[PDB]
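Below is one structure, written out as structure tokens; comments come after it.
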Amino acid sequence: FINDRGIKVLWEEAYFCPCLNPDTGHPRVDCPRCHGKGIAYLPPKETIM
Amino acid sequence: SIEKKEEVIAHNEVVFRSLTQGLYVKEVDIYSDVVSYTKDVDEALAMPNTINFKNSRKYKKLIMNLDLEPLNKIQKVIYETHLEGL
Amino acid sequence: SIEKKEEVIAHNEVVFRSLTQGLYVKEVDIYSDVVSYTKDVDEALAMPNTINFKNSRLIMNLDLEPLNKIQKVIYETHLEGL
Amino acid sequence: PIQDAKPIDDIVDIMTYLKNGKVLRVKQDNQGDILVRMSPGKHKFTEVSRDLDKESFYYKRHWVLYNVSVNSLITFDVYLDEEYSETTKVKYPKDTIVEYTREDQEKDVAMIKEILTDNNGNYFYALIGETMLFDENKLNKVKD
Amino acid sequence: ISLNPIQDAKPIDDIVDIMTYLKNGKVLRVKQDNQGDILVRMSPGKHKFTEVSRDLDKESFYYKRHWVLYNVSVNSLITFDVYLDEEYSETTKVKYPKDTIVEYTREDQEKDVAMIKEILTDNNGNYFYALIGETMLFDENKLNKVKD
Amino acid sequence: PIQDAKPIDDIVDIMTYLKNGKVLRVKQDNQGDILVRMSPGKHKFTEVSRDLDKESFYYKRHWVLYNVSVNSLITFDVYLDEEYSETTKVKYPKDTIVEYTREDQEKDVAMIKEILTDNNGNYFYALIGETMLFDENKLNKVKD
Ligand SMILES: [Zn+2]
């Protein structure tokens, strides 16, 4: 039923990037893992939703 | 007689030297091509290379340049304790 | 290689160590006789290693190994070629 | 001649190299090149990295898990990473479609499979379904 | 008066051999912890790809196994114990397989621990077990398996 | 020899000791050791305490009610608390699975049941289903 009604979508989990500055507790402006956002992401997974 | 030794890293950055001229870069243009040179390590252009800054993007067109010789500059402080008897 | 280096001596001092236990002096009494001992080399009670201090009071106790202590801190830079 | 490419034919060899732990380089179509690896330690699983450049004091490869499919391995080109040469400086790469005139001055389409050169940099091409060599000027790129 | 020994299905431990069988085209059988037990095959002909099926039985004339493309993962092969179809079968679903360590009651009313080294069944289906340190064969009801 | 352990076999004895009011010590598998007790006063009910160490001026045992099951008592090992020795310093405890070579140099698996020692601390082991002793070196721990 879920596969029948859903739409194909890519799913990637989230995790805090190591680039977070230990003292201010806030991230670097530009690094490959996260492009300014304070959160990184894992490799995509395919799913229907 | 060395009793305790500790090693600490103050800075770690990358400096680029021209193979032919032997100078260090100090400035670059909009395209990141060299605008100026300087024969001083303290004034040379620097890319931060502490652990958080690895795998940068700002100087890709610089690094690929064959005439340039990247150099890893590291500054350190070490503390050495001694005992010399009576 | 080394591009620039300098050595500076932060401190020169005399430290007291017990001959029996080997523990260094942490605290002392009214006349500088020991009341507490500690294993730490650096936290140990210390005084400047100058001639005037000696004349101003090693003197006080017998289970006493008056040791000299020196600190070296070194500033150096390297250019590691590729 | 130039030996810039040493493609692996058998996946069994690829798995054997993976068991040895050597890094691989897998090509993609209209997409970024990728590196593949077998994880060390107790648990063995495939890892991938989007970082192509060589490990260095200023550049460290980033590895993560992935459920890689054999279908990509068996189909796509694969190489040993350290043995790979970034490019072969020729006008038309291998497997590139060109239009050429046959020996009887009749025109046919073909794809290229050859790497030969003198010591000056002059290159020659031999076409799939053909024997003799063809110059950079003689061949004409076939537009998509 | 008994049937000859019956062999246990050997799980394949090393990836290299598994791929080698797969390249030859010999069918594999994988058990997934979550979902199901499946067969794996590399496609016949020149159009090469991996195929998966759930038609878990010998290819009888009246039982045609059906295949569909699937992107099988390397990690799936590594983590999940895999078998060759020619061995894994209903022919033996022995309670205690070979190389299993069991606790068995001895004649001296002492429970000793031993490993099963050979398996055979009588015509009535009762499995006879050979144990290390023992000569005769042992019966399933007599035995006890200690887990953990 | 060493008498560090004096397990109780009959639950009837355990109940009898409980009626006497002496504290018990019950082992658990991959879980903390526990003490058990019968409550004093008008109402008699079982009490438990997660505190193992001996009562002291700095340490007081904490007791609470619980609906203990006989199944744990009848199965798990039980001891008098005060008579219990915390450990027996040997490489392989009792009921530990090891691999040993039999008299005919054929290898078999076994579990250990013995406590013997000289006055220097040299220990010997006798295996379940076996008679003679085996040294610390001869035995080999069987991994789970
Ligand atoms: Zn980041």
| message | Nothing charged except the Cβ atoms of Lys and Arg (+1) and of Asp and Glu (-1): what's the magnitude of the dipole of segment F:7-118 about its Cα centre? Round to the nearest 20 debye. | response | 840 debye
| query | Under 5 Å between amide H atoms, partner at least 5 residues away or on a different chain: which partners does residue D:140 have, H built in plane at 1.01 Å? | reply | D:99
| task | Give the cross-link partners of residue F:60 among the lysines, using a straight C-alpha distance below 19 Å as the criterion and excluding same-chain residues fewer than 8 apart. | result | F:22
| field | Amide H within-cut-off set for residue C:23, under 5 Å, with H built and near neighbours excluded | value | C:18
| message | Please list, in order along segment F:47-52, the HN-Hα scalar couplings obtained from phi with the Karplus expression 6.51 cos²θ - 1.76 cosθ + 1.60 (θ = phi - 60°), rounded to whole Hz, x for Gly and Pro. | response | 10, 10, 8, 7, 8, 9
| task | Counting only C-alpha contacts under 8 Å and six or more residues apart, can you give the relative contact order of segment F:1-57 as a whole percent? | result | 21 percent
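Using +1 on the beta carbon of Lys and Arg, -1 on that of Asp and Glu, and nothing else charged, what's the dipole of the protein assembly as shown about the Cα centre, debye to 20? Kindly include the intermediate steps, with their values, before the conclusion.
Details: 90 positive and 115 negative charges, 351 e Å.
Dipole about the Cα centre, nearest 20: 1680 debye.
Relative contact order of chain F, please, whole-number percent, based on alpha carbon pairs below 8 angstrom and at least 6 residues apart.
Worked out over chain F, it gives 19 percent.
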| query | How big is segment F:22-71 in terms of Cα radius of gyration and Dmax, in angstroms? | reply | 11.7, 36
| said: Amide H of residue B:73 versus every other amide H placed in the peptide plane: which residues, excluding those fewer than 5 positions away on the same chain, fall under 5 Å? | reply: B:13, B:14, B:15
| field | Rounded Å value of the spacing that divides the Cα centres of segment C:1-77 and segment E:22-60 | value | 77 Å
| field | Peptide-level mean, for B:7-13, of C-beta atoms on other protein chains within 10 Å | value | 1
| So what are the radius of gyration and Dmax for the Cα set of chain D, in Å? | 18.9, 65
| query | With labels modelled as points extended 7 Å from the Cα through the Cβ direction, what inter-label distance (nm, one decimal) is found for residue D:51 paired with residue D:108? | reply | 4.9 nm
| Which distance in Å, rounded to a whole number, links the C-alpha centroids of segment D:81-144 and segment A:1-46? | 44 Å
| message | When a/c reaches 1.5 or more, the comparison of a/b and b/c decides; with that in mind, is segment C:1-73 rounded, prolate or oblate per its Cα gyration tensor? | response | prolate
| request: Under a cut-off of 24 Å between alpha-carbon atoms, report the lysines in cross-link reach of residue C:4, not counting same-chain residues fewer than 8 places apart. | output: B:4, B:5, B:26, B:39, B:73, B:76, C:72
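Test of understanding: what is the full-extension gain from residue E:7 to residue E:94, defined as 0.36 nm times their sequence separation minus their Cα-Cα distance?
Values: separation 87, 0.36 × 87 = 31.32 nm, distance 1.01 nm.
The residue E:7-residue E:94 span can extend by a further 30.3 nm.
List the relative contact order of chain A as a percent without decimals, with contacts defined as Cα pairs under 8 Å and 6+ residues apart. Working shown, then result.
Working: 74 pairs, mean separation 24.9, N = 49.
Relative contact order of chain A: 51 percent.
So which GluC sites (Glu not before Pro) in segment D:1-106 are both in a DSSP loop and have at most 11 other Cβ atoms within 10 Å of their Cβ? Could the numbers behind the result be given before it?
On the way: sites: D:47, D:55, D:82, D:83, D:86, D:99, D:103, D:106; in loops: D:55, D:82, D:83, D:86, D:103, D:106.
Passing sites in segment D:1-106 are D:55, D:82, D:86, D:103, D:106.
Only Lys, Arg, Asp and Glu count, each charged at its Cβ (+1, +1, -1, -1), so figure out the dipole size of segment E:86-144 about its Cα centre, rounded to 20 debye. Intermediate results must be reported in sequence, preceding the final value.
On the way: 7 positive and 14 negative charges, 21 e Å.
Computed charge dipole of segment E:86-144: roughly 100 debye.
Filter the trypsin sites (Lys or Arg not before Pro) in segment B:1-43 to those in DSSP coil with at most 13 other Cβ atoms within 10 Å of their Cβ, and list the result. Don't jump to the answer; show the numbers that get you there.
Working: sites: B:4, B:5, B:17, B:26, B:39; in loops: B:39.
Those that pass, being in a loop and sparsely packed, are B:39.
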| request: For every helix of n ≥ 4 consecutive DSSP H residues, a contribution of -39,500 (n - 2.57) applies; sum these over chain F, divide by its total residues, and give [θ] at 222 nm rounded to the nearest 500 deg cm²/dmol. | output: -3000 deg cm²/dmol
| said: Residue by residue through segment C:45-56, what is 3J(HN,Hα) from phi via Karplus (6.51 cos²θ - 1.76 cosθ + 1.60, θ = phi - 60°)? Round to whole Hz and write x for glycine and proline. | reply: 3, 9, 9, x, 8, 10, 5, 4, 5, 4, 5, 9
| message | Students often forget the sequence filter, so: which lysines lie under 25 Å Cα-Cα from residue F:89 once same-chain residues fewer than 8 apart are removed? | response | F:6, F:27, F:54, F:113, F:138, F:141, F:143
| task | Specify whether the C-alpha gyration tensor of the protein assembly as shown places it in the rounded, prolate or oblate class, a ≥ b ≥ c being the square roots of the eigenvalues: rounded for a/c under 1.5, otherwise prolate if a/b is larger than b/c and oblate if not. | result | oblate
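Let me make sure I get this right: for segment F:60-124, a, b and c are the square roots of the gyration tensor eigenvalues over alpha carbons, sorted descending. Under 1.5 in a/c it's rounded, otherwise prolate if a/b > b/c, else oblate. Which is it?
Numbers: a/c = 4.16, a/b = 1.81, b/c = 2.29.
Verdict is oblate for segment F:60-124.
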| Farthest toward positive dipole pole in chain D [+1 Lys/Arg, -1 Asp/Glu at C-beta], among D:56, D:137, D:76 | D:56
| request: Quick one: angle between helix D:11-20 and the longest Cα principal axis of chain D, in degrees between 0 and 90, rounded to 10, please. | output: 40 degrees
| query | What average number of partner chain Cβ atoms lie no more than 10 Å from the Cβ of the residues making up F:101-109? | reply | 3
| query | Can you give the mean number of other chain Cβ atoms that lie within 10 Å of the Cβ atoms in peptide D:53-62? | reply | 5
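Here Cβ is always computed from backbone atoms with ideal geometry, including for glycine, and neighbour counts include all displayed protein chains. Taken together, the values in this text are just the output of simple stated rules run on the coordinates, not laboratory data.
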